[PDB]
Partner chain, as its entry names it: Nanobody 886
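Just one chain follows, in the form deposited without the partner chain, and it is written as structure tokens.
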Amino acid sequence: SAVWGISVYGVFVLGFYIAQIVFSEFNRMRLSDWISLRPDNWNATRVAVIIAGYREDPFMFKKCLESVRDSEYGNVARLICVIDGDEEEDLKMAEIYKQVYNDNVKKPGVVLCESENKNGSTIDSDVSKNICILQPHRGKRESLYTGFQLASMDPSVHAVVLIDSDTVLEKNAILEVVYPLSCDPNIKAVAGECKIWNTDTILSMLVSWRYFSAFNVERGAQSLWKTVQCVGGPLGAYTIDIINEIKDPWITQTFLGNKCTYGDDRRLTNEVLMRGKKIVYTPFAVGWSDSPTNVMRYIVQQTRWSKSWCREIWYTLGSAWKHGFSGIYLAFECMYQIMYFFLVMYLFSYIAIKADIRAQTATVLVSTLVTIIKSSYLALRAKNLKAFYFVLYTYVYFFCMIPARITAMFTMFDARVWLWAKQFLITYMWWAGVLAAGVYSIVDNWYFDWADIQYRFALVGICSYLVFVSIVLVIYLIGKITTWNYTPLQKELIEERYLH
């Protein structure tokens, strides 16, 4: 029973990972072949980039605008800056934008989304100059919409690169996202690889490699299938046309009859998928973005992401059939996600109930082997040795992703104590439950038998796992002390933050 379950879990996970690996490598090969025939100094596409931000750090915002200006694309029509502010505090963002770009900033009283006239000609009159908008804090979608209008306004705009305020971009990243689709008209969106630069904390570091994997595997695979389930907030491209075609629908997304004021990422992408358009992802385009460093903020962010995912899965499946042959992989992927979560939960429940030391030793060993294989692949792919830190991702996944999943599922339907509870009470109950299972197992197996070969194997395995985790923690600590694990960009970021 337990041996069969572990065996199928290991084979299933490794098989799916290997399939995703070969799919992503094929996608990368196709992208490289496509780039190989790109004419030099190619600037055929006119692009209007879009920024959206709210209460962003002034230094990070300044660096983002510096990167945007420093981009080497020679066919950028204009920069559209949208900030849901209309508040004295938000004027800092306007000042930062003024010190980098044209001083002109317009502050309309009224939001285009709630306006009876959604054309931007009410708020804008010139398209040549870069324009910054200050509007009442509505949230996300709206702001983007504003920009969308302002973009479409300019006909030349053939595509719109959407970038988050907190995002460092590369001169090439632009052409790098505004070119893939040249190859295939159908491509109506290009997901741009994003990278977590803040890696000081082990969490950030782990998340960094997590991002790495995600973008360069799943995304890549789906990209091969021209069906990247989701675009990239920090770095994302979008054909102006499909945008104009999805902006309004997406701007008006209500789940259970409730404007979904959550992750826009996914909804517009889901609309594009409903239209049957192909979405490809390129890894050659990189954008540096920060990551949460606090466990609680990571928990709430992952909970919001899980809510968006669960809300968008129904529509994703409902539209997957429109891709005919294609899309089958997308259905397989979502079914894999649900069945993998359910299998992990059931396996942990069985482990807690049975409390068989051999079983726990076996699952620990196979999980370590899986993480070792994944980290080895990641190191080989990135030509970088710090990818082995991903073996600790099991801890953070178990202790954060699962409670976030349960929180999202429980909070989908139906003073400060309550609100605080709705965020962390699931996580605290989960941690208490795992601790209780651990102590119950350890007392239920409170015996020693050196004459038992199975007991000896379990003990040596658990000791080896402990020393392995300890040495990984030690090497991480010394790397942090010598600041070797810092990302290359973080060094000069700290330099000009200090010199300020």
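Numbering follows the first chain given and starts at 1.
Size class of the missing deposited segment between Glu116 and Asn117: The entry has no gap there; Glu116 and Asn117 are joined directly.
Quick note: we don't show the form deposited with the partner chain bound, though the next part is all about it.
Stretch in contact, per heavy atom within 4.5 angstroms of the partner chain in the bound PDB entry, of 99-107, 390-398, 280-288, 325-333: Among the candidates, contact is made by 99-107.
Which of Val231, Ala77, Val217, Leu224 has a heavy atom within 4.5 Å of the partner chain in the bound PDB entry? Selected residue: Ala77.
Which one of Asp126, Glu87, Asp248, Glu114 is close to the partner chain in the bound PDB entry, taking close to mean a heavy atom within 4.5 Å? Here the answer is residue option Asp126.
The partner chain contact at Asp154 in the bound PDB entry, heavy atom, 4.5 Å: Close contact exists here: in the bound PDB entry, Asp154 approaches the partner chain to within 4.5 Å, heavy atoms only.
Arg46: heavy atom within 4.5 Å of the partner chain in the bound PDB entry? Answer yes; at least one heavy atom of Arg46 falls within 4.5 Å of the partner chain in the bound PDB entry.
Just checking whether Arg28 would be counted as a contact of the partner chain in the bound PDB entry - the rule being heavy atoms within 4.5 angstroms. No, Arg28 sits far enough from the partner chain in the bound PDB entry that none of its heavy atoms falls within 4.5 Å.
Contact label in the bound PDB entry: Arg69 to the partner chain, heavy atom within 4.5 Å: Judged by the heavy-atom cut-off of 4.5 Å, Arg69 is in contact with the partner chain in the bound PDB entry.
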